[PDB]
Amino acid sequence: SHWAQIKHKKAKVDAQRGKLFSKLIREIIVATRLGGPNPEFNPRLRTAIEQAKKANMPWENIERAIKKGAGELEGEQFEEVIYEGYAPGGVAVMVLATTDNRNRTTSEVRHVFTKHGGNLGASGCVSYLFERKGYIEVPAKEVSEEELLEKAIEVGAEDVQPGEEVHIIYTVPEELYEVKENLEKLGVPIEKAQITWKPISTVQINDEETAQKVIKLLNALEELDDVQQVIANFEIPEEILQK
């Protein structure tokens, strides 16, 4: 279950909503800038819109976000940037950010890494330790380990890992939406469907001291509005101590 920690079905559907919506708004903006404001020719946008609706984000905010990503070109500038660096214990970290000011975000990220004993590196310092994959989340509460494990295989997934709160399904990146579609067509609810990076191997970290620094670093990166996803290749002995 190495990092699938939303604590138990989302982090907080009350105090944390502004932050979550801010990130959903960014995804709609970038999906729009990347494949157009017309969802019919934009599967990513179709999915971003759906996730926003599922999270109870006002439809007026969803519409506003699409106009911002399309009415783009001067007066915005949101782009996706990938940061790569190392946390203590030799743990590799990729950070997927969507920002309107790269220099600003880079400094915020660099500060976070340094504060926690890590080090932001240059483009390419860790990506060879990960692979780009489709990532699908399905609510544990609503399905079963057994039924889901079978359906994942039935649709033809790359990798599956049960969860206490969420089950995770990985796919070939180009087949992310095809798999999502086939899973919903079989009755499986989808909580999230997005492109992510998956470690090709993990780094075992047994020093409880080091483990805590790694986790605080990752948590700190998550607290940045500019950050969409944080991925690391650590391997920690079943520990819930902290976020």
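When you see a residue number, it is the position in the sequence shown, counting from 1.
As the entry records it, the average C-alpha temperature factor is higher for 204 to 212, out of 52 to 60 and 204 to 212. Taking only CA atoms, the mean B-factor in the PDB entry is higher for 74 to 82 than for the other of 112 to 120 and 74 to 82.
By the numbers in the PDB entry, the CA B factor is greatest at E145 among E145, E154, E137, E131. The PDB entry assigns the greatest CA B-factor among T171, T105, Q161, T98 to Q161. In the PDB entry, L34 places in the highest third of its chain by CA B-factor. Per the PDB record, residue ranking by Cα B-factor puts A11 in the highest third of the chain. Among all modelled residues in its chain, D226 ranks in the lowest third by Cα B-factor.
Per-chain ranking of the deposited C-alpha B factor places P199 in the lowest third. In the deposited entry, the Cα temperature factor of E184 places it in the lowest third of its chain's modelled residues.
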